[PDB]
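The structure under discussion appears below in the form of structure tokens.
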Amino acid sequence: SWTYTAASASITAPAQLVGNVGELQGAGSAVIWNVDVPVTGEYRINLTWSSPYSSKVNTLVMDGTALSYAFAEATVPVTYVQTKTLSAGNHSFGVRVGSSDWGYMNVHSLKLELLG
């Protein structure tokens, strides 16, 4: 498990990197993380965010996949666990918000744990 600092990612407006925390604000934002998969194994996607509201409609960008999900009422460093089999080579990670999946939260860091 590693904490992929959002500052090393691409803070696309309305996204804004503040204090090493990429916080998106409404559709159009995209906190894209650029990293290279270490080995060939199942890495479960854990997204750390804090948006004290109720439920938003965002699209999480991981391993080049557009996994749509509603940001469950969160506030405390909550790690959205999503099991995705990662392969060796190169993979794209991040968080995108758009008309199809709008949001308004803070993107602390893209955590990647070694599931299997």
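Chain identifiers are assigned as A, B, and so on, following the order in which chains appear in the structure tokens; residues are numbered from 1 within each chain, and ligands are numbered from 1 in order of appearance.
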
Please list as a VMD selection string every residue within 10 Å of segment 26-39 of chain A, counting only C-alpha atoms and excluding residues in the same chain fewer than 6 positions away. chain A and resid 4 to 17 56 to 63 86 to 107 109 to 110 112 114

Write to file, as a CSV table (one decimal), in the first residue's frame, the residues of the selection just made, with C-alpha atoms.
```csv
chain,number,residue,atom,x,y,z
A,4,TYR,CA,0.2,8.5,-4.2
A,5,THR,CA,0.4,12.2,-3.4
A,6,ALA,CA,-2.1,14.1,-5.6
A,7,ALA,CA,0.5,16.9,-6.1
A,8,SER,CA,2.5,14.5,-8.3
A,9,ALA,CA,-0.7,14.1,-10.3
A,10,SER,CA,-2.4,16.4,-12.8
A,11,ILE,CA,-4.8,18.9,-11.0
A,12,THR,CA,-7.2,19.8,-13.8
A,13,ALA,CA,-9.6,22.7,-13.1
A,14,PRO,CA,-11.7,23.1,-11.2
A,15,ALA,CA,-9.4,20.7,-9.4
A,16,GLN,CA,-6.9,22.5,-7.1
A,17,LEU,CA,-3.8,21.1,-5.4
A,56,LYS,CA,-22.2,12.7,-5.2
A,57,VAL,CA,-22.0,11.2,-8.7
A,58,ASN,CA,-18.3,10.9,-9.6
A,59,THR,CA,-16.3,8.7,-11.9
A,60,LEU,CA,-13.1,7.2,-10.5
A,61,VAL,CA,-10.3,6.8,-13.0
A,62,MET,CA,-8.1,3.8,-12.2
A,63,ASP,CA,-6.1,1.4,-14.4
A,86,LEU,CA,-3.3,-4.9,-12.0
A,87,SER,CA,-0.8,-6.1,-14.5
A,88,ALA,CA,2.9,-5.4,-15.0
A,89,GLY,CA,3.9,-2.6,-17.4
A,90,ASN,CA,2.2,0.8,-17.4
A,91,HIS,CA,-1.2,1.8,-16.0
A,92,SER,CA,-3.1,5.1,-15.7
A,93,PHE,CA,-4.7,6.2,-12.4
A,94,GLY,CA,-6.6,9.2,-11.2
A,95,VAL,CA,-10.0,10.7,-10.5
A,96,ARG,CA,-12.3,12.5,-13.0
A,97,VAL,CA,-15.5,14.5,-12.6
A,98,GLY,CA,-17.8,15.4,-15.4
A,99,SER,CA,-21.4,16.0,-16.5
A,100,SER,CA,-21.9,12.3,-16.5
A,101,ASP,CA,-20.3,12.1,-13.1
A,102,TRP,CA,-20.0,15.3,-11.3
A,103,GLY,CA,-18.5,15.8,-7.8
A,104,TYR,CA,-17.0,18.1,-5.2
A,105,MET,CA,-14.5,16.5,-2.8
A,106,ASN,CA,-10.9,16.3,-1.7
A,107,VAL,CA,-8.5,13.8,-3.3
A,109,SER,CA,-4.0,10.4,-2.4
A,110,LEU,CA,-4.5,7.4,-4.7
A,112,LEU,CA,-2.8,1.2,-4.1
A,114,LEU,CA,-1.4,-5.4,-2.9
```

Just list the residues in chain A DSSP gives strand (DSSP E or B) on the backbone, as a compact mmCIF listing (two decimals) with N, CA, C and O atoms, in the first residue's frame.
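File written: states_36.txt
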```
# COMPACT_ATOMS: atom_id res chain seq x y z
N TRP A 2 0.62 2.14 -0.97
CA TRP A 2 1.38 3.39 -1.07
C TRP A 2 0.45 4.58 -1.23
O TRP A 2 -0.61 4.48 -1.85
N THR A 3 0.86 5.72 -0.68
CA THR A 3 0.07 6.94 -0.77
C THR A 3 0.54 7.80 -1.93
O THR A 3 1.51 8.55 -1.80
N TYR A 4 -0.14 7.69 -3.06
CA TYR A 4 0.22 8.47 -4.24
C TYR A 4 -0.21 9.92 -4.07
O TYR A 4 -1.36 10.27 -4.31
N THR A 5 0.73 10.77 -3.65
CA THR A 5 0.44 12.19 -3.45
C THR A 5 -0.24 12.78 -4.68
O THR A 5 0.22 12.57 -5.81
N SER A 10 -2.03 15.29 -11.95
CA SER A 10 -2.42 16.44 -12.76
C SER A 10 -3.71 17.05 -12.25
O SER A 10 -4.80 16.52 -12.48
N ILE A 11 -3.59 18.18 -11.56
CA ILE A 11 -4.76 18.87 -11.02
C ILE A 11 -5.43 19.71 -12.11
O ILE A 11 -5.04 20.85 -12.36
N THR A 12 -6.44 19.13 -12.75
CA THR A 12 -7.16 19.82 -13.81
C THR A 12 -8.37 20.57 -13.25
O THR A 12 -9.19 20.00 -12.54
N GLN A 16 -7.91 21.66 -7.67
CA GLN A 16 -6.87 22.54 -7.15
C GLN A 16 -6.05 21.85 -6.07
O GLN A 16 -6.58 21.43 -5.04
N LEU A 17 -4.75 21.74 -6.31
CA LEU A 17 -3.85 21.10 -5.37
C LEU A 17 -3.49 22.05 -4.23
O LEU A 17 -2.84 23.08 -4.44
N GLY A 22 -5.18 17.09 -3.77
CA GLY A 22 -5.94 17.52 -4.93
C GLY A 22 -7.43 17.43 -4.67
O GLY A 22 -7.99 16.34 -4.62
N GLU A 23 -8.07 18.57 -4.50
CA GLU A 23 -9.50 18.60 -4.23
C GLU A 23 -10.29 19.06 -5.44
O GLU A 23 -10.12 20.18 -5.92
N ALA A 30 -10.28 16.78 -12.87
CA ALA A 30 -9.65 15.50 -13.14
C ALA A 30 -8.28 15.38 -12.49
O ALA A 30 -7.28 15.87 -13.02
N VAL A 31 -8.23 14.70 -11.35
CA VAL A 31 -6.98 14.48 -10.64
C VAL A 31 -6.35 13.20 -11.16
O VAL A 31 -6.61 12.11 -10.65
N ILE A 32 -5.56 13.32 -12.22
CA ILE A 32 -4.94 12.15 -12.83
C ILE A 32 -3.58 11.83 -12.23
O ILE A 32 -2.70 12.68 -12.16
N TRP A 33 -3.43 10.58 -11.81
CA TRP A 33 -2.19 10.10 -11.22
C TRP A 33 -1.38 9.31 -12.24
O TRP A 33 -1.89 8.39 -12.87
N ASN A 34 -0.11 9.67 -12.40
CA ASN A 34 0.77 8.98 -13.34
C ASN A 34 1.75 8.09 -12.59
O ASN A 34 2.63 8.59 -11.88
N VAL A 35 1.60 6.78 -12.73
CA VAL A 35 2.47 5.83 -12.06
C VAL A 35 2.67 4.57 -12.89
O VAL A 35 1.89 4.28 -13.80
N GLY A 41 0.13 -8.28 -10.24
CA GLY A 41 -0.72 -8.76 -9.17
C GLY A 41 -1.99 -7.96 -9.03
O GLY A 41 -2.11 -6.87 -9.59
N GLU A 42 -2.96 -8.49 -8.29
CA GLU A 42 -4.23 -7.81 -8.09
C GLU A 42 -4.09 -6.68 -7.07
O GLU A 42 -3.94 -6.93 -5.87
N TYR A 43 -4.15 -5.45 -7.55
CA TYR A 43 -4.04 -4.29 -6.67
C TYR A 43 -5.41 -3.67 -6.46
O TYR A 43 -6.07 -3.24 -7.42
N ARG A 44 -5.85 -3.62 -5.21
CA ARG A 44 -7.15 -3.06 -4.89
C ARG A 44 -7.06 -1.54 -4.73
O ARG A 44 -6.22 -1.03 -3.99
N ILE A 45 -7.92 -0.84 -5.47
CA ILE A 45 -7.94 0.62 -5.46
C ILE A 45 -8.64 1.18 -4.23
O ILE A 45 -9.83 0.97 -4.02
N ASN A 46 -7.89 1.94 -3.45
CA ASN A 46 -8.41 2.58 -2.25
C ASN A 46 -8.25 4.09 -2.38
O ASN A 46 -7.13 4.60 -2.36
N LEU A 47 -9.36 4.80 -2.54
CA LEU A 47 -9.30 6.25 -2.70
C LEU A 47 -9.60 6.97 -1.40
O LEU A 47 -10.66 6.79 -0.80
N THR A 48 -8.65 7.78 -0.97
CA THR A 48 -8.79 8.55 0.26
C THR A 48 -9.36 9.93 -0.03
O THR A 48 -8.74 10.73 -0.73
N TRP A 49 -10.55 10.19 0.49
CA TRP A 49 -11.22 11.47 0.27
C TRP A 49 -12.01 11.91 1.50
O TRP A 49 -12.24 11.12 2.42
N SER A 55 -23.92 12.35 -0.79
CA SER A 55 -23.66 11.43 -1.90
C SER A 55 -23.57 12.18 -3.23
O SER A 55 -24.51 12.86 -3.64
N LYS A 56 -22.42 12.05 -3.89
CA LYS A 56 -22.19 12.70 -5.17
C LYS A 56 -22.12 11.66 -6.28
O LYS A 56 -22.10 10.46 -6.01
N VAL A 57 -22.07 12.10 -7.54
CA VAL A 57 -22.00 11.18 -8.66
C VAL A 57 -20.70 11.38 -9.43
O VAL A 57 -20.65 12.16 -10.37
N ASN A 58 -19.64 10.71 -8.99
CA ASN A 58 -18.33 10.85 -9.62
C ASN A 58 -17.91 9.60 -10.38
O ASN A 58 -18.49 8.53 -10.22
N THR A 59 -16.85 9.75 -11.17
CA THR A 59 -16.28 8.65 -11.93
C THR A 59 -14.81 8.50 -11.57
O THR A 59 -13.99 9.35 -11.90
N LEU A 60 -14.49 7.41 -10.88
CA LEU A 60 -13.12 7.16 -10.46
C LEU A 60 -12.29 6.59 -11.61
O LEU A 60 -12.69 5.61 -12.25
N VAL A 61 -11.16 7.22 -11.88
CA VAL A 61 -10.28 6.80 -12.96
C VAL A 61 -9.11 5.97 -12.44
O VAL A 61 -8.16 6.50 -11.87
N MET A 62 -9.18 4.66 -12.63
CA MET A 62 -8.13 3.76 -12.18
C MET A 62 -7.82 2.70 -13.23
O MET A 62 -8.72 2.18 -13.89
N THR A 65 -9.60 2.66 -16.34
CA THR A 65 -11.01 2.27 -16.27
C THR A 65 -11.86 3.40 -15.71
O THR A 65 -11.45 4.10 -14.79
N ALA A 66 -13.05 3.55 -16.27
CA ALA A 66 -13.97 4.58 -15.82
C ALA A 66 -15.03 3.99 -14.91
O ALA A 66 -16.19 3.81 -15.31
N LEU A 67 -14.64 3.67 -13.68
CA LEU A 67 -15.55 3.08 -12.71
C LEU A 67 -16.44 4.15 -12.09
O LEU A 67 -15.99 4.95 -11.26
N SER A 68 -17.70 4.16 -12.49
CA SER A 68 -18.67 5.12 -11.99
C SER A 68 -19.25 4.67 -10.65
O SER A 68 -19.67 3.52 -10.50
N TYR A 69 -19.26 5.58 -9.68
CA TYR A 69 -19.79 5.29 -8.36
C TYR A 69 -20.14 6.58 -7.62
O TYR A 69 -19.54 7.63 -7.86
N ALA A 70 -21.12 6.49 -6.73
CA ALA A 70 -21.55 7.66 -5.96
C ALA A 70 -20.75 7.80 -4.68
O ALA A 70 -20.77 6.92 -3.82
N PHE A 71 -20.03 8.91 -4.55
CA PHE A 71 -19.22 9.17 -3.37
C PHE A 71 -20.07 9.16 -2.10
O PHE A 71 -20.66 10.18 -1.73
N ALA A 72 -20.14 8.01 -1.45
CA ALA A 72 -20.93 7.86 -0.23
C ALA A 72 -20.56 8.90 0.81
O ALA A 72 -19.39 9.22 0.99
N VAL A 78 -11.59 8.33 4.35
CA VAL A 78 -12.23 7.09 3.92
C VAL A 78 -11.57 6.57 2.65
O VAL A 78 -11.45 7.28 1.66
N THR A 79 -11.13 5.31 2.69
CA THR A 79 -10.48 4.70 1.54
C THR A 79 -11.44 3.80 0.77
O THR A 79 -11.68 2.66 1.15
N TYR A 80 -11.98 4.33 -0.33
CA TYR A 80 -12.91 3.57 -1.16
C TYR A 80 -12.20 2.35 -1.75
O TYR A 80 -11.40 2.47 -2.68
N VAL A 81 -12.47 1.18 -1.18
CA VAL A 81 -11.84 -0.05 -1.64
C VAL A 81 -12.49 -0.61 -2.89
O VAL A 81 -13.68 -0.94 -2.91
N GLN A 82 -11.69 -0.76 -3.94
CA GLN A 82 -12.15 -1.31 -5.21
C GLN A 82 -11.10 -2.28 -5.73
O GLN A 82 -9.99 -1.87 -6.07
N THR A 83 -11.43 -3.56 -5.77
CA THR A 83 -10.47 -4.56 -6.22
C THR A 83 -10.37 -4.61 -7.73
O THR A 83 -11.33 -4.91 -8.43
N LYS A 84 -9.17 -4.31 -8.22
CA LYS A 84 -8.89 -4.32 -9.65
C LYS A 84 -7.57 -5.03 -9.92
O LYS A 84 -6.53 -4.63 -9.40
N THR A 85 -7.63 -6.08 -10.72
CA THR A 85 -6.44 -6.84 -11.04
C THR A 85 -5.48 -6.02 -11.89
O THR A 85 -5.75 -5.71 -13.05
N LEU A 86 -4.34 -5.65 -11.30
CA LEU A 86 -3.34 -4.85 -11.99
C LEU A 86 -2.28 -5.74 -12.63
O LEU A 86 -1.90 -6.77 -12.07
N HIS A 91 0.23 1.62 -16.21
CA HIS A 91 -1.19 1.83 -15.98
C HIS A 91 -1.47 3.28 -15.60
O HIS A 91 -0.63 3.95 -15.00
N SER A 92 -2.66 3.76 -15.96
CA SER A 92 -3.05 5.13 -15.65
C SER A 92 -4.06 5.17 -14.50
O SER A 92 -5.04 4.43 -14.50
N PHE A 93 -3.79 6.03 -13.53
CA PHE A 93 -4.67 6.18 -12.37
C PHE A 93 -5.12 7.63 -12.22
O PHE A 93 -4.58 8.51 -12.87
N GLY A 94 -6.11 7.87 -11.35
CA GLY A 94 -6.58 9.22 -11.16
C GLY A 94 -8.03 9.30 -10.72
O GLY A 94 -8.63 8.30 -10.30
N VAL A 95 -8.60 10.49 -10.84
CA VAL A 95 -9.99 10.73 -10.47
C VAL A 95 -10.58 11.82 -11.37
O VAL A 95 -10.03 12.91 -11.45
N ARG A 96 -11.66 11.51 -12.06
CA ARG A 96 -12.27 12.47 -12.97
C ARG A 96 -13.73 12.76 -12.63
O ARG A 96 -14.49 11.87 -12.24
N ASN A 106 -12.36 16.14 -1.79
CA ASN A 106 -10.92 16.27 -1.68
C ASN A 106 -10.25 14.95 -2.02
O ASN A 106 -10.64 13.90 -1.51
N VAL A 107 -9.25 15.00 -2.88
CA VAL A 107 -8.52 13.81 -3.28
C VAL A 107 -7.16 13.77 -2.59
O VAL A 107 -6.16 14.22 -3.13
N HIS A 108 -7.16 13.23 -1.37
CA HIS A 108 -5.93 13.13 -0.58
C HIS A 108 -4.83 12.43 -1.36
O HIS A 108 -3.82 13.04 -1.70
N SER A 109 -5.02 11.14 -1.63
CA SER A 109 -4.03 10.37 -2.36
C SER A 109 -4.62 9.06 -2.88
O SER A 109 -5.49 8.46 -2.26
N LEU A 110 -4.11 8.63 -4.03
CA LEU A 110 -4.55 7.39 -4.65
C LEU A 110 -3.79 6.20 -4.05
O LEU A 110 -2.67 5.90 -4.47
N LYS A 111 -4.39 5.56 -3.06
CA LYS A 111 -3.75 4.43 -2.40
C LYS A 111 -3.89 3.14 -3.21
O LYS A 111 -4.97 2.81 -3.69
N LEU A 112 -2.79 2.42 -3.34
CA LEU A 112 -2.77 1.16 -4.07
C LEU A 112 -2.23 0.04 -3.19
O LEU A 112 -1.04 -0.01 -2.91
N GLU A 113 -3.12 -0.86 -2.77
CA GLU A 113 -2.72 -1.97 -1.91
C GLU A 113 -2.55 -3.25 -2.72
O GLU A 113 -3.18 -3.43 -3.77
N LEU A 114 -1.70 -4.15 -2.23
CA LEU A 114 -1.45 -5.42 -2.90
C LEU A 114 -2.46 -6.46 -2.46
O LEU A 114 -2.25 -7.18 -1.48
```

Would you mind reading off the distance between atom CA of residue 54 of chain A and atom CA of residue 74 of chain A, one decimal, in Å? 7.2 Å
